[PDB]
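**Student:** Shown below is the structure under consideration.
So basically every Cβ, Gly included, is an ideal-geometry build from the backbone, and we count neighbours across all protein chains shown. Read the figures in this text as sums done on the coordinates, not as results from a lab.
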4 protein chains.
Amino acid sequence: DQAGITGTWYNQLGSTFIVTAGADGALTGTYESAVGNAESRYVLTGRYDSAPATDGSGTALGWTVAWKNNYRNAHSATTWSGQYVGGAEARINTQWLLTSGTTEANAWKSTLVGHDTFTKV
Amino acid sequence: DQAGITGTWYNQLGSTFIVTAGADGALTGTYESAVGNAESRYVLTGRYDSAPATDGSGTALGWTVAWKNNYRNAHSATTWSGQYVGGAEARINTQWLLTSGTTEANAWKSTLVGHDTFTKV
Amino acid sequence: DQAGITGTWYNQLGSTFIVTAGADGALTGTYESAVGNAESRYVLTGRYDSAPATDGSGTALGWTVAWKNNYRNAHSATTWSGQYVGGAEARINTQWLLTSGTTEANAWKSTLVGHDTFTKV
Amino acid sequence: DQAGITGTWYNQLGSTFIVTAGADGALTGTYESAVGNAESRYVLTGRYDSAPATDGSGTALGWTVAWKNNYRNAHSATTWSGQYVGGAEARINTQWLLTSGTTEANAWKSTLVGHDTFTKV
């Protein structure tokens, strides 16, 4: 699914996920969030299963953005964990964890959780 | 915190997290899980905040392992999202999401969640 | 939103959530899962914010099912945490945690996470 | 484990969980958070597996607090999902989801996730 995954994806918020899937299981690219204290593109890296099951299961993958670029630094990082589902209506279905750097007193409220769906349209 | 993060870490399960923190915010290394249907080392990549706050907050970071290596393929990926806390008892405190590739019928049970604490000892 | 919440809801899997919202903030009712090792109705209880904000925000709520009834016992419990959004297309948007009873050796894989959307249709 | 669960528990933050486990699988009681915009006790309700496995597994349970009492209303709700582990050092190990009521524009950041461990000491 290297060809399937590589490209430009969009989630339900209008964020833009630009990724290249490598033969070796690497994901590399950029993320632009349509929401929050973020602007322009941020570096991402991740991994995917380069030899998925052939029984109709999705392709497991994940990636990370640290929210620092040349414009802003939110002192936080999001990881998306999900699966790629190929086909006419290809999708990447994810759950994510957004951790902020906090003091120890605030560490109990360091992490947001949510879910994003990415499509090619 | 490039020097702080780079090195060998261990979690509460006895898993081994070997990481190099790059000047550019990259994390690269290997993960060896002491539990589950996994053996030996797996590639990891991720990102960290290379310019954290100076107010005593932790350093946000995340990384991904896809559970495929030369020995086994679990058709799954884990992402850890957390923060590095420096000091005499340095720690990386994380939450994680483990997504399996599933059929659409099983997608509701695709994702495990948990929490790992890493130390240098 | 006592009148808004009280009633029969359905999620994207076809599960049926029957709830009564009490004046005192209580949720009581039954849950029937369309998926997994579950059959018929299970008791639920929970809580909701009986005096929500008037600024257009949703109404926070949560509930629990333990997966034991007169037919089956899965030795597990799900909690849904979410918000009620009123209007022509009323919705309850949730995230959930499904914890199984495990041995200590298996505790790292005790908890599934996911997300359900409930509608009145 | 009705006798095991019933009583006063404390988590790693110093919060106080007062619960009664009913014969019918009900949890009822009060929660006092040592952190956040909360004061005094809040009502809780939940469920537990009243007929757990006898193979050494923990006892699955969950509960909900809506953060409204006679003193404050945070317009939010937390659900804890976990298991009770009996013995000399009895514990309730949980993960939790804290959902705030939000506008639709802010719904992506409605939910915090974390983990609490409760002990009888």
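**Student:** If the convex hull of the alpha-carbon atoms of region D:1-100 is projected onto planes in all directions, what is the mean projected area in square nanometres?
**Tutor:** Numbers: hull surface 25.1 nm².
Mean projected area of the Cα convex hull: 6.3 nm².
**Student:** Could you size up the charge dipole of region D:1-73 around its Cα centre, putting +1 on the beta carbon of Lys and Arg and -1 on that of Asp and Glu, and report it in debye to the nearest 20? All intermediate terms of the calculation are to be shown ahead of the outcome.
**Tutor:** Details: 4 positive and 6 negative charges, 72 e Å.
In total the dipole reaches around 340 debye.
**Student:** What gaps in nm, shortest first, separate D:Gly56 from its twins in the other copies when you place the label 7 Å past Cα toward the beta carbon?
**Tutor:** Result, one decimal in nm: 3.8, 4.3, 5.6.
**Student:** In deg cm²/dmol, rounded to 500, what helix-only [θ] at 222 nm does the protein assembly as shown give when every DSSP H run of at least 4 residues adds -39500 (n - 2.57) and the total is split over its residues?
**Tutor:** So the calculated ellipticity at 222 nm is -500 deg cm²/dmol.
**Student:** So, in nm, how far is label C:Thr28 from label A:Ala53 when the simple model puts each one 7 Å beyond its Cα toward the Cβ?
**Tutor:** Roughly 4.3 nm, to one decimal.
**Student:** Whole Å is fine, so just give me how far the alpha carbon centre of region B:77-121 lies from that of region B:20-51.
**Tutor:** 12 Å
**Student:** Where along chain B is the Cβ that lies nearest the axis linking it to chain C, and how many Å separate them?
**Tutor:** B:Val113, 2
**Student:** Along Cα→Cβ at 7 Å, what distances in nm separate the A:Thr16 label point from those on the other copies, shortest first?
**Tutor:** 4.3, 4.7, 5.5
**Student:** To one decimal in nm, how far is D:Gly87 from the same spot in the other copies, if labels go 7 Å from Cα toward Cβ? Please give the shortest first.
**Tutor:** Shortest to longest, the spacings are 3.0, 4.5, 5.1 nm.
**Student:** Less than 13 Å Cβ to Cβ from D:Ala38, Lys/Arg counted +1 and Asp/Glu -1: what total charge do the surrounding residues give?
**Tutor:** Values: positive: A:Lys109, D:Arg41, D:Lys68, D:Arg72; negative: D:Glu32, D:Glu39.
The answer is +2.
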